[PDB]
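Trainee: piece number one of the complex, untouched:
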Amino acid sequence: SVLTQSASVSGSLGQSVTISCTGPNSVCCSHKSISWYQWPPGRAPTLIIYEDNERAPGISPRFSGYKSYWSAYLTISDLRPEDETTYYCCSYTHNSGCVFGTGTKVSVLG
């Protein structure tokens, strides 16, 4: 994929964790919006963030997006074992389909 993500991120329980999403400026993030998903293997994904700032319904306050032209970020506050899953970023526009990134794994320590 034109989008890339770090292979993995980690932190201790209760620690904040940040996940980057980057690519060519034409894909991320000039004139583009990035959405974020949880996607456990063997299971359907859940939408977490859309328009880089808005939480999807049913999503805990601990999840929040941040943005820069070079990269979109997802930050998870209060890291829990419940969040120990694979995440994907998706670049999108109102006139185009989703472009998925390579994804990242999140590990929870202690």
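Mentor: Perfect, I can see it now. Residues are numbered from 1 along each chain as shown, chains lettered A, B, ... in the order given.

Trainee: tell me the strands in chain A, going along the chain?
Mentor: Applying DSSP state E to chain A gives strands spanning A:8-12, A:17-22, A:33-38, A:46-50, A:54-55, A:63-67, A:71-76, A:86-92, A:99-100, A:104-109.

Trainee: helices and strands around the third one, which ones?
Mentor: Yep, that's strand A:33-38 we're talking about. strand A:17-22, strand A:46-50, strand A:63-67, strand A:86-92 (3 or more C-beta pairs under 8 Å, 6 or more residues apart in numbering; DSSP states H and E). Backbone N, C-alpha and C define where each C-beta goes, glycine included.

Trainee: In TSV, list those strands along with mean neighbour count and distance to residue A:102.
Mentor: Output for the helices and strands packed on strand A:33-38, formatted as TSV (neighbours: other C-beta atoms under 10 Å; distance: least, C-beta to C-beta, whole Å):
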stretch	mean neighbour count	distance to residue A:102
strand A:17-22	20	9
strand A:46-50	18	17
strand A:63-67	17	19
strand A:86-92	22	8
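
Trainee: Would you tell me which of those gets closest to residue A:2?
Mentor: strand A:86-92 (8.4 Å; C-beta to C-beta).

Trainee: Identify whichever of the helices and strands packed on strand A:33-38 lies nearest to residue A:108.
Mentor: Evaluated over the helices and strands packed on strand A:33-38, closeness to residue A:108 peaks at strand A:17-22, with 8.8 Å, by C-beta to C-beta.

Trainee: most centrally placed residue in chain A?
Mentor: residue A:36 (4.0 Å; C-alpha atoms, centre = their mean).

Trainee: now that one, which residues is it bridged with?
Mentor: residue A:49, residue A:89 (DSSP bridges).

Trainee: residues in contact with it?
Mentor: Applying C-beta atoms under 8 Å, 6 or more residues apart in numbering, we find residue A:36 in contact with A:19, A:21, A:47, A:48, A:49, A:65, A:74, A:87, A:88, A:89, A:90.

Trainee: now for chain B, put it on the one above:
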Amino acid sequence: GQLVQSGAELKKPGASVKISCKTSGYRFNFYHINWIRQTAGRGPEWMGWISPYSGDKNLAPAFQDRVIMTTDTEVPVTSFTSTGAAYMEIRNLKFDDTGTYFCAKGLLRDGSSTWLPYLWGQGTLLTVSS
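Mentor: Adding chain B to the chains above:
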């Protein structure tokens, strides 16, 4: 709001397959129906989407020559909910086309995020063997 997909099926190479996506608990015509593929060697891939309302569809360039999308006419249950189904057909299956296929529906009726796959079906496996 729930989406239900056709169960897993085994195919020979070059075979066509048809996958249903039954819907309930929300108005079928109000949201875009998205299709997403996941394969271990490729990761998630967008297969495009079809509007249940206008019939308009947007296939990703990779799938424009192989994927056909259609929908059923919705049947109302309440003034604000209905049932119906979307279907997708894949022509000329390859071993590279194996893995889980998902049905999903659009997030909003309007705004720039309207087509995002907010709700997902459980997904089902497609297998190709000689």
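
Trainee: now with chain B: the contacts of residue A:36?
Mentor: Contacts here follow C-beta atoms under 8 Å, 6 or more residues apart in numbering or on different chains; on that basis residue A:36 touches A:19, A:21, A:47, A:48, A:49, A:65, A:74, A:87, A:88, A:89, A:90.

Trainee: and if you look at residue B:128?
Mentor: For residue B:128, the contacting residues are B:10, B:11, B:12, B:13, B:15, B:93, B:94, B:95, B:97, B:98, by C-beta under 8 Å, 6+ apart.

Trainee: try residue B:114
Mentor: By C-beta under 8 Å, 6+ apart, residue B:114 lies in contact with A:94, B:31, B:32, B:106, B:107, B:108.

Trainee: What subset of these is buried?
Mentor: Restricting those to buried positions leaves B:31, B:32, B:106, B:107, with burial counted as 16 or more other C-beta atoms under 10 Å in any protein chain shown.

Trainee: of all these, which two lie farthest apart?
Mentor: B:32 and B:107 (8.9 Å).

Trainee: Now do the shared contacts for those two.
Mentor: Residues touching both residue B:32 and residue B:107 by C-beta under 8 Å, 6+ apart: B:114, B:115.

Trainee: Show me which residues of chain A sit near chain B.
Mentor: Within chain A, the positions lying close to chain B (C-beta under 8 Å from any C-beta of the partner chain) are A:1, A:33, A:35, A:39, A:42-47, A:50-51, A:54, A:56, A:88, A:92-94, A:97-100, A:102-103.

Trainee: Need the buried ones from those selected in PyMOL.
Mentor: Those of these that count as buried under 16+ other C-beta under 10 Å are selected in PyMOL with:
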select buried, chain A and resi 1+33+35+39+44+45+46+47+50+56+88+92+97+98+99+100+102+103
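
Trainee: what about the nearest residue to residue B:73 once chain neighbours are set aside, how many residues close to it?
Mentor: Leaving aside its sequence neighbours, residue B:73 sits nearest to residue B:84 (C-beta to C-beta, 6 or more residues apart in numbering or on different chains; 6.9 Å). Residue B:84 has 19 neighbours, counted by other C-beta atoms under 10 Å in any protein chain shown.

Trainee: how about residue B:84, what does it touch?
Mentor: B:22, B:23, B:28, B:29, B:52, B:71, B:72, B:73, B:74, B:75.

Trainee: go ahead and place chain C:
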Amino acid sequence: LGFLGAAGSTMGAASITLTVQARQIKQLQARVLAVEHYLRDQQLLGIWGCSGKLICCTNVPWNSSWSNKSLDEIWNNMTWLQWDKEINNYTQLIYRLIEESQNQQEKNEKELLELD
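Mentor: Next up, chain C placed on what we already have:
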């Protein structure tokens, strides 16, 4: 579109048509009733300080108990028909709060002018 043509549209989309619906022995009873119907809503706007306006912002804060929905969830994901049902039990409460806020504003502007 047309009269109520926007009824199935989203609440945000519907706002472009507000003027379409703002306009518009048994025959005599029909005529009197139409007048009472019209004046009922105009009376509320006059009390609220919203008279002459299609869209009128107030000083009353939204109470999340009335709805916990995000602005996208309301404006880009709902019809006005659905919205009225969601807050049907709170509509009169909201109306009274608007009236209380207007009367305090009228009083405060008077006091400002008394000082100046």
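
Trainee: ok chain C is in now, so what about the contacts of residue B:128?
Mentor: By C-beta under 8 Å, 6+ apart, residue B:128 lies in contact with B:10, B:11, B:12, B:13, B:15, B:93, B:94, B:95, B:97, B:98.

Trainee: got it, and residue B:77?
Mentor: Neighbour list for residue B:77: B:24, B:83 [criterion: C-beta under 8 Å, 6+ apart].

Trainee: Quick check: phi and psi at the residue of chain C at minimum distance from chain B.
Mentor: Nearest residue of chain C to chain B: residue C:76, at 4.1 Å (C-beta to the nearest C-beta). Main-chain torsions, residue C:76, degrees, to the nearest 10: phi -110, psi 0.

Trainee: Point out the residues in chain B that sit beside chain C.
Mentor: B:80, B:108, B:109, B:110, B:111, B:113, B:114.

Trainee: Which members of the residues you listed are positioned in strands?
Mentor: Per DSSP E, these never map to strands.

Trainee: Quote the end-to-end distance of stretch C:59-75.
Mentor: End-to-end distance for stretch C:59-75, by C-alpha to C-alpha, to the nearest Å: 20 Å.

Trainee: buried stuff in it?
Mentor: Buried, per 16+ other C-beta under 10 Å, within stretch C:59-75: C:60, C:72, C:74, C:75.

Trainee: State the three-state secondary structure for the third one.
Mentor: Three-state call for residue C:74 (DSSP: H, G, I helix; E, B strand; the rest coil): helix.

Trainee: Once you drop chain neighbours, what's closest to it?
Mentor: Spatially, and ignoring its direct neighbours in sequence, residue C:74 is nearest to residue C:11 (6.3 Å; C-beta to C-beta, 6+ apart).

Trainee: Ramachandran angles for that neighbour?
Mentor: For residue C:11, the backbone dihedrals (degrees, to the nearest 10) come out as phi -60, psi -40.

Trainee: Now do it: how many residues are near it, please.
Mentor: 19.

Trainee: how far away is it from residue C:68?
Mentor: Residue C:11 sits 16 Å away from residue C:68, going by C-beta to C-beta, to the nearest Å.

Trainee: Chain neighbours aside, what residue packs nearest to the residue of chain A found nearest chain C?
Mentor: Going by C-beta to the nearest C-beta, chain C is nearest to residue A:54 of chain A, at 6.5 Å. In this structure, residue A:54 finds its nearest non-sequential neighbour in residue C:72, 6.5 Å apart by C-beta to C-beta, 6+ apart.
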